[PDB]
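Structure first, then comments.
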Amino acid sequence: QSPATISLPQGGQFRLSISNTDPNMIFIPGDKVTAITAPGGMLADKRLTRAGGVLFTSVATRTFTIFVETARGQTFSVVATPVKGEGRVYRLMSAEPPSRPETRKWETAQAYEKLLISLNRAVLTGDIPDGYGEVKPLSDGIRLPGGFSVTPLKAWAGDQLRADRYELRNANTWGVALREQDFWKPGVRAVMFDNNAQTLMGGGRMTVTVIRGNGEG
Amino acid sequence: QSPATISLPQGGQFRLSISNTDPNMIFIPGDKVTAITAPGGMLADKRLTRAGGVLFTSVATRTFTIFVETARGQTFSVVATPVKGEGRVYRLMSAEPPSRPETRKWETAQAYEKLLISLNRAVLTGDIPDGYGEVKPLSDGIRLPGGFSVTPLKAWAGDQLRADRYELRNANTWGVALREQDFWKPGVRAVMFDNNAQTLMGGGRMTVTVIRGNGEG
Amino acid sequence: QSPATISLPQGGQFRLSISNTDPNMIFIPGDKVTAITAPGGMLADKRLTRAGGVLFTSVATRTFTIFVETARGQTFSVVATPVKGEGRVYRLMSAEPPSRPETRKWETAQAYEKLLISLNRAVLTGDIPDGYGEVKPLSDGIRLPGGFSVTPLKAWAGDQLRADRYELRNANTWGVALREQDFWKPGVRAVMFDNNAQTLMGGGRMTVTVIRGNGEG
Amino acid sequence: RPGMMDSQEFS
Amino acid sequence: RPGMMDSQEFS
Amino acid sequence: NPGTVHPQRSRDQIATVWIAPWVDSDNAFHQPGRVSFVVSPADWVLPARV
Amino acid sequence: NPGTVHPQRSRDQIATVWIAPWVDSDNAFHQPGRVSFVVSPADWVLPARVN
Amino acid sequence: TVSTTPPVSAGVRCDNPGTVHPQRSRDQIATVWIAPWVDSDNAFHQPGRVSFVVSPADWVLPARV
């Protein structure tokens, strides 16, 4: 089994299922939960982990609303239905990137093309910068030209820059030569191909790292 | 599922349902609520939240008016009718934005790129920077495509870069198209067409500035 | 007989049997478990073990969910169904590895071997190390197989080693095969064919660097 | 405890 | 103590 | 009156420089393209009157 | 004879990013261009056979 | 000053010596054979051939047809 990811905005409210006898956990991929509030006499016990998540146990039977609050400045409400069963794990993905003034200092301290290079090498290798945090990928973030389809995989955001990885599939039988520029949409800032490819044969499986301005447009 | 964004004017009244059994939340993007006022004995508990947020729980069964005052002298009114059900989140927004922040370009360019740019600009202006002093123009500094004739005009040199200006002369009497890449000679750093004209005709006499490397290695 | 290796994702749930009469052990290779949480009054005793290990004994007779948190911010869930029998060991493993450590070559080579290598490299580059200075090439420094003609080119010498480069010339007009061992003369330390070519044909003019011993004894 | 909610602020 | 939990924090 | 005519502002001058491909300390190869900069700021102008 | 082998020395891997138009701090437009970097460096490949 | 590695390649649809997908060049490998020798602990060493890289690689813009 894998944790369930729901991706609510800062205004999001999600009807999930909570357990009764055994404890449950909700954690933020990129933020540390600091407070959690529920109707009085509903949450039996709560504990904060070192990683930054929250372990809570609900002994009540009525459906209730819980608010979770993080350190970077974030608040997500979830509606829990108490059912008898095993504990459940939820991955509360952000969906609207958080504000991180400490990250902006590192982002702006250095040059620009260098910063683009760095953020891209990292996406390629997997060594994500310390300030960057996992955010919901943009469903439609790049121009799709003439027969490609896209699906989203991962996304990392700081303050002024984003980063997305998009799996491209070529529906067209004929192989299509692709140039980075085709993909430009207003608000993107670099398009790089992992496997440097002059052309993509049909049935292609090529991922492309595109970065955008955070909140721009 | 998503916060109910409500842009009401200052002193505005918005009638909205609230839940009498579960906590409700009101937040203003970019503002921190300072105080909340309601008829005495209507809202039992009120709590500040990360950033600007008010989590209130009301056991009342009658419609009542509640005033919220933020940290930038904004006051909004809300008419709340309690109803059995889920807690409701409301994103309070200003009507007409009071001010427009002009965001400065955060982007900074590479040092070498700036050095080339400044010199080219200075030569064009005619002001010659302190380090630079006048010397002899190089006899052949550029590639001459299509019968062009180059006459040395002016030059200045300095510790790490040197500049030469040559006047192009066209003897072709044909419509030519300029591409700065044609004028490349092993050892050139940049080429500037003073008049930004794409095509030169017969007697097209554009003057081009080329910065090479003094102390070339 | 062998630990049950189980690679579940972060926040993963794995249902596994545990013994209600004997202690059970969970360990993560390369990680040290920091904390273990279970429904209150299910796991009677929990003990840290050398490295990262948790020995737990549960008298319960009902299935329950147990959370384990390691020292690198990893949290895994396990659904345990107690059963009469032997204690069970479980090797918890991460799903997709977060980082790749590039192990440096620990191997170090002999000092004399390095000394020969550095000099050969320097001569090839043409940079001559500080100690070394130019002198006369030795008249006959190598064995000449199959009609080869050697012309002294260059040499440099230093306190403990000396170097000579000779140009080979082939007068055979036959296809010859080079083996550096042929060019051995009583007193040679190393022979390098600058062009790494196995066979020289007629007029095969490879240049070979030989380091002998200055101050030979 | 009427209308009282459980608000635990973690350090 | 129902709904309660039990957590050891190994050093 | 040469004076008292609605004044307009003039046009800025834009100049393009092409940077030769180069490499940097972290061994990245840079192909910038053309950079456009404004040599002169704008100035006021009273239109000619017919 | 000891078992002779030929050095391999696999090449590098290059990834190129395309930079979309941007205006800098000092107000100079930068038209589209590109920067290239070496993802994984080169290295000697251990032999599979020694015959 | 920064290095300038590529001389302009041999001289939709723009013929630019620049803006061509760059490749990296090949490292140069040189082999040295060590003469059999002995050491202080009286061990006799027969190393074989040692291969080293004299020059690191450099960038190159392919020639365009």
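Ligands are numbered from 1 in the order shown, residues from 1 within each chain, and chains are lettered A, B, ... in the order they appear in the structure tokens.
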
- Item | 7 Å contact set for stretch 28-45 of chain H, only C-alpha atoms, chain neighbours under 5 positions out, as an NGL selection string | (:C and (188-192 or 194 or 196)) or (:H and (50-55))

Can you write out the residues you just picked, keeping C-alpha atoms, as a compact mmCIF listing (two decimals), in the first residue's frame?
```txt
# COMPACT_ATOMS: atom_id res chain seq x y z
CA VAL C 188 65.40 1.41 -18.71
CA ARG C 189 62.48 2.20 -16.43
CA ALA C 190 59.59 2.80 -18.89
CA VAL C 191 58.71 3.10 -22.59
CA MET C 192 55.69 5.12 -23.92
CA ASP C 194 52.93 8.57 -27.81
CA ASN C 196 48.76 4.38 -29.02
CA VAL H 50 49.18 2.03 -17.04
CA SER H 51 46.78 4.25 -18.98
CA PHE H 52 46.27 7.89 -18.04
CA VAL H 53 44.33 10.83 -19.45
CA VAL H 54 46.65 13.62 -20.60
CA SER H 55 43.92 16.03 -21.74
```

Can you show chain D as an mmCIF file with N, CA and C atoms, in the first residue's frame once it has been least-squares superposed onto chain E, using every C-alpha atom paired in order?
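Result file is result00.cif:
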```
data_model
loop_
_atom_site.group_PDB
_atom_site.id
_atom_site.type_symbol
_atom_site.label_atom_id
_atom_site.label_comp_id
_atom_site.auth_asym_id
_atom_site.auth_seq_id
_atom_site.Cartn_x
_atom_site.Cartn_y
_atom_site.Cartn_z
ATOM 1 N N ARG D 1 -7.618 5.288 30.165
ATOM 2 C CA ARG D 1 -6.776 5.687 29.043
ATOM 3 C C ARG D 1 -7.524 5.565 27.704
ATOM 4 N N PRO D 2 -8.435 6.523 27.377
ATOM 5 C CA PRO D 2 -9.119 6.310 26.101
ATOM 6 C C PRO D 2 -8.370 6.901 24.911
ATOM 7 N N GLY D 3 -8.265 6.137 23.830
ATOM 8 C CA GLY D 3 -7.594 6.627 22.637
ATOM 9 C C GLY D 3 -6.116 6.857 22.831
ATOM 10 N N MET D 4 -5.579 6.412 23.964
ATOM 11 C CA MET D 4 -4.161 6.596 24.250
ATOM 12 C C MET D 4 -3.318 5.546 23.546
ATOM 13 N N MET D 5 -2.253 5.979 22.878
ATOM 14 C CA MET D 5 -1.406 5.051 22.150
ATOM 15 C C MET D 5 -0.061 5.003 22.843
ATOM 16 N N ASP D 6 0.677 3.924 22.630
ATOM 17 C CA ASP D 6 2.000 3.824 23.222
ATOM 18 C C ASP D 6 3.041 4.410 22.296
ATOM 19 N N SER D 7 3.530 5.603 22.620
ATOM 20 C CA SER D 7 4.528 6.260 21.781
ATOM 21 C C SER D 7 5.851 6.399 22.521
ATOM 22 N N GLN D 8 6.759 5.453 22.310
ATOM 23 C CA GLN D 8 8.048 5.491 22.993
ATOM 24 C C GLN D 8 9.124 6.123 22.123
ATOM 25 N N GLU D 9 9.611 7.292 22.528
ATOM 26 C CA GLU D 9 10.686 7.937 21.781
ATOM 27 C C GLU D 9 12.016 7.472 22.345
ATOM 28 N N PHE D 10 12.789 6.755 21.535
ATOM 29 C CA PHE D 10 14.068 6.222 21.996
ATOM 30 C C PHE D 10 15.199 7.223 21.846
ATOM 31 N N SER D 11 16.103 7.264 22.819
ATOM 32 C CA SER D 11 17.267 8.135 22.714
ATOM 33 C C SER D 11 18.453 7.397 22.101
#
```

- Task: Could you give me, as a ChimeraX atom specification, the residues within 6 Å of stretch 35-37 of chain F, counting only C-alpha atoms and dropping anything in the same chain fewer than 4 positions from it?
- Result: /F:14-17 /G:28-30

Residues of chain A that have any atom at most 8 Å from an atom of chain B: could you tabulate them with the shortest-distance atom pair and the distance in Å to one decimal, using only C-alpha atoms, ordered by chain and increasing number, as a tab-separated table?
```
residue	atom	partner	partner_atom	distance
A:8	CA	B:1	CA	7.7
A:9	CA	B:2	CA	7.0
A:10	CA	B:3	CA	7.9
A:11	CA	B:3	CA	4.2
A:12	CA	B:2	CA	4.6
A:13	CA	B:1	CA	4.7
A:14	CA	B:1	CA	6.0
A:38	CA	B:23	CA	7.6
A:39	CA	B:22	CA	6.2
A:64	CA	B:22	CA	6.8
A:65	CA	B:22	CA	6.2
A:69	CA	B:50	CA	6.5
A:70	CA	B:50	CA	7.3
A:71	CA	B:50	CA	7.5
A:73	CA	B:50	CA	5.6
A:74	CA	B:50	CA	6.9
A:75	CA	B:50	CA	7.5
A:79	CA	B:86	CA	7.8
A:108	CA	B:106	CA	6.5
A:110	CA	B:108	CA	7.8
A:111	CA	B:108	CA	5.3
A:112	CA	B:108	CA	5.6
A:113	CA	B:109	CA	7.4
```

- Could you tell me, as a count of residues only, which residues of stretch 40-200 of chain C DSSP assigns to strand (DSSP E) when given the backbone? 62

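The backbone trace of chain C, superposed onto chain A over all C-alpha atoms paired in order, deviates from it by an RMSD of 21.1 Å.
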
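Counting only C-alpha atoms, the residue from H:1, H:56, H:49, H:62 that sits nearest to residue H:17 is H:62.
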
- Determine which residues of chain B sit within 7 Å of chain D, taking into account only C-alpha atoms, and present them as a PyMOL selection string. chain B and resi 44-45+57-59

Mind writing the picked residues with C-alpha atoms as a PDB file, in the first residue's frame?
```pdb
ATOM      1  CA  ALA B  44     -18.108  30.664  21.921  1.00  0.00           C
ATOM      2  CA  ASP B  45     -14.466  30.287  20.859  1.00  0.00           C
ATOM      3  CA  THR B  57     -17.216  27.947  16.655  1.00  0.00           C
ATOM      4  CA  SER B  58     -20.760  29.164  17.307  1.00  0.00           C
ATOM      5  CA  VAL B  59     -23.421  27.211  19.184  1.00  0.00           C
TER       6      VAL B  59
END
```

- Item | Every residue of stretch 158-202 of chain B that DSSP places in helix (DSSP H, G or I), as a PyMOL selection string | chain B and resi 180-183

Would you save the residues from that selection as a compact mmCIF listing (two decimals), in the first residue's frame, using N, CA, C and O atoms?
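Wrote it out as again_2.txt, contents follow:
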```txt
# COMPACT_ATOMS: atom_id res chain seq x y z
N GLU B 180 25.04 38.57 -37.81
CA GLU B 180 26.30 38.93 -37.14
C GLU B 180 27.25 37.77 -37.08
O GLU B 180 28.44 37.97 -36.91
N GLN B 181 26.74 36.56 -37.24
CA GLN B 181 27.58 35.37 -37.17
C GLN B 181 28.53 35.24 -38.36
O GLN B 181 29.57 34.60 -38.26
N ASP B 182 28.17 35.85 -39.49
CA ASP B 182 29.03 35.81 -40.66
C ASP B 182 30.33 36.51 -40.37
O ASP B 182 31.36 36.10 -40.87
N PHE B 183 30.30 37.60 -39.63
CA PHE B 183 31.52 38.35 -39.39
C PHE B 183 32.42 37.75 -38.30
O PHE B 183 33.21 38.47 -37.71
```

- Message: With 12 Å as the limit and counting only C-alpha atoms, what residues in chain F lie close to chain B? Please list them as a VMD selection string.
- Response: chain F and resid 13 to 25 30 to 40

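Take atom CA of residue G:16 and atom CA of residue H:4: the distance between them is 17.8 Å.
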
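Using only C-alpha atoms, the contacts of residue G:11 at a cut-off of 12 Å, with sequence neighbours closer than 4 positions omitted, comprise residues 38, 39, 40, 41, 42, 43, 44 and 45 of chain G; 23, 24, 25, 26, 27, 28, 56, 57 and 58 of chain H.
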
Once you have the residues from the selection above, write them out as a PDB file, in the first residue's frame, restricted to N, CA and C atoms.
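Dumped everything to out-v6.pdb:
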```pdb
ATOM      1  N   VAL G  38      27.278  18.962 -18.139  1.00  0.00           N
ATOM      2  CA  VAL G  38      27.573  17.530 -18.133  1.00  0.00           C
ATOM      3  C   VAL G  38      26.897  16.841 -16.957  1.00  0.00           C
ATOM      4  N   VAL G  39      25.834  16.090 -17.229  1.00  0.00           N
ATOM      5  CA  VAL G  39      25.106  15.394 -16.175  1.00  0.00           C
ATOM      6  C   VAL G  39      26.005  14.421 -15.449  1.00  0.00           C
ATOM      7  N   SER G  40      26.417  13.361 -16.136  1.00  0.00           N
ATOM      8  CA  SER G  40      27.323  12.382 -15.538  1.00  0.00           C
ATOM      9  C   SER G  40      28.652  12.391 -16.273  1.00  0.00           C
ATOM     10  N   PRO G  41      29.753  12.540 -15.533  1.00  0.00           N
ATOM     11  CA  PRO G  41      31.070  12.619 -16.165  1.00  0.00           C
ATOM     12  C   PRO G  41      31.547  11.326 -16.798  1.00  0.00           C
ATOM     13  N   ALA G  42      32.720  11.364 -17.419  1.00  0.00           N
ATOM     14  CA  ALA G  42      33.275  10.188 -18.084  1.00  0.00           C
ATOM     15  C   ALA G  42      33.999   9.332 -17.088  1.00  0.00           C
ATOM     16  N   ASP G  43      34.469   8.149 -17.468  1.00  0.00           N
ATOM     17  CA  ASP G  43      35.059   7.246 -16.441  1.00  0.00           C
ATOM     18  C   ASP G  43      35.542   5.945 -17.093  1.00  0.00           C
ATOM     19  N   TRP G  44      36.453   5.214 -16.443  1.00  0.00           N
ATOM     20  CA  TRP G  44      37.004   3.960 -17.010  1.00  0.00           C
ATOM     21  C   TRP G  44      36.037   2.832 -16.692  1.00  0.00           C
ATOM     22  N   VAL G  45      35.710   2.002 -17.669  1.00  0.00           N
ATOM     23  CA  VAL G  45      34.782   0.912 -17.451  1.00  0.00           C
ATOM     24  C   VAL G  45      35.565  -0.342 -17.123  1.00  0.00           C
TER      25      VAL G  45
ATOM     26  N   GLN H  23      28.180  18.915 -28.635  1.00  0.00           N
ATOM     27  CA  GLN H  23      28.656  17.627 -28.150  1.00  0.00           C
ATOM     28  C   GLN H  23      29.974  17.894 -27.439  1.00  0.00           C
ATOM     29  N   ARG H  24      30.472  16.920 -26.682  1.00  0.00           N
ATOM     30  CA  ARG H  24      31.757  17.110 -26.032  1.00  0.00           C
ATOM     31  C   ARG H  24      32.788  16.294 -26.756  1.00  0.00           C
ATOM     32  N   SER H  25      34.065  16.663 -26.680  1.00  0.00           N
ATOM     33  CA  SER H  25      35.077  15.953 -27.508  1.00  0.00           C
ATOM     34  C   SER H  25      35.558  14.696 -26.769  1.00  0.00           C
ATOM     35  N   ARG H  26      36.637  14.077 -27.235  1.00  0.00           N
ATOM     36  CA  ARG H  26      37.114  12.842 -26.627  1.00  0.00           C
ATOM     37  C   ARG H  26      38.388  13.044 -25.838  1.00  0.00           C
ATOM     38  N   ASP H  27      38.485  12.393 -24.688  1.00  0.00           N
ATOM     39  CA  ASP H  27      39.689  12.491 -23.879  1.00  0.00           C
ATOM     40  C   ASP H  27      40.824  11.727 -24.540  1.00  0.00           C
ATOM     41  N   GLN H  28      42.058  12.114 -24.244  1.00  0.00           N
ATOM     42  CA  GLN H  28      43.208  11.448 -24.844  1.00  0.00           C
ATOM     43  C   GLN H  28      43.856  10.489 -23.861  1.00  0.00           C
ATOM     44  N   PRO H  56      41.837  16.749 -20.669  1.00  0.00           N
ATOM     45  CA  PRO H  56      40.399  16.640 -20.386  1.00  0.00           C
ATOM     46  C   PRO H  56      39.589  16.943 -21.643  1.00  0.00           C
ATOM     47  N   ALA H  57      38.281  16.732 -21.640  1.00  0.00           N
ATOM     48  CA  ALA H  57      37.520  16.936 -22.872  1.00  0.00           C
ATOM     49  C   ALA H  57      37.143  18.405 -23.056  1.00  0.00           C
ATOM     50  N   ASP H  58      36.753  18.791 -24.267  1.00  0.00           N
ATOM     51  CA  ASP H  58      36.340  20.170 -24.515  1.00  0.00           C
ATOM     52  C   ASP H  58      35.094  20.223 -25.390  1.00  0.00           C
TER      53      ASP H  58
END
```

- Task: Select residues of chain G: the criterion is any atom within 12 Å of an atom of chain A, counting only C-alpha atoms; output as a list in words.
- Result: residues 13, 14, 15, 16, 17, 18, 19, 20, 21, 22, 23, 24, 25, 30, 31, 32, 33, 34, 35, 36, 37, 38, 39 and 40 of chain G

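In this model, the gap between atom CA of residue A:162 and atom CA of residue B:98 comes to 28.8 Å.
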
Dump as a tab-separated table the rows for residues of chain H within 7 Å of chain B: closest atom pair and distance in Å with one decimal, only C-alpha atoms counted, ordered by chain and rising residue number.
```
residue	atom	partner	partner_atom	distance
H:7	CA	B:186	CA	5.6
H:8	CA	B:184	CA	7.0
H:16	CA	B:181	CA	6.8
H:17	CA	B:181	CA	6.8
```

Write a file of the selected residues as an mmCIF file, in the first residue's frame, keeping C-alpha atoms.
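Result written to result_32.cif:
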```cif
data_model
loop_
_atom_site.group_PDB
_atom_site.id
_atom_site.type_symbol
_atom_site.label_atom_id
_atom_site.label_comp_id
_atom_site.auth_asym_id
_atom_site.auth_seq_id
_atom_site.Cartn_x
_atom_site.Cartn_y
_atom_site.Cartn_z
ATOM 1 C CA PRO H 7 35.682 28.204 -33.739
ATOM 2 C CA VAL H 8 32.614 28.920 -35.881
ATOM 3 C CA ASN H 16 23.518 29.860 -37.345
ATOM 4 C CA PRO H 17 27.047 28.654 -36.381
#
```

- Query: Please, what distance in Å, to one decimal, runs between atom CA of residue B:154 and atom CA of residue B:126?
  - Reply: 10.6 Å

- With a distance cut-off of 7 Å and only C-alpha atoms, select the neighbouring residues of residue B:201, excluding the residue or stretch itself and same-chain residues fewer than 6 positions from it, and output the selection as an MDAnalysis selection string. chainID B and resid 173:176
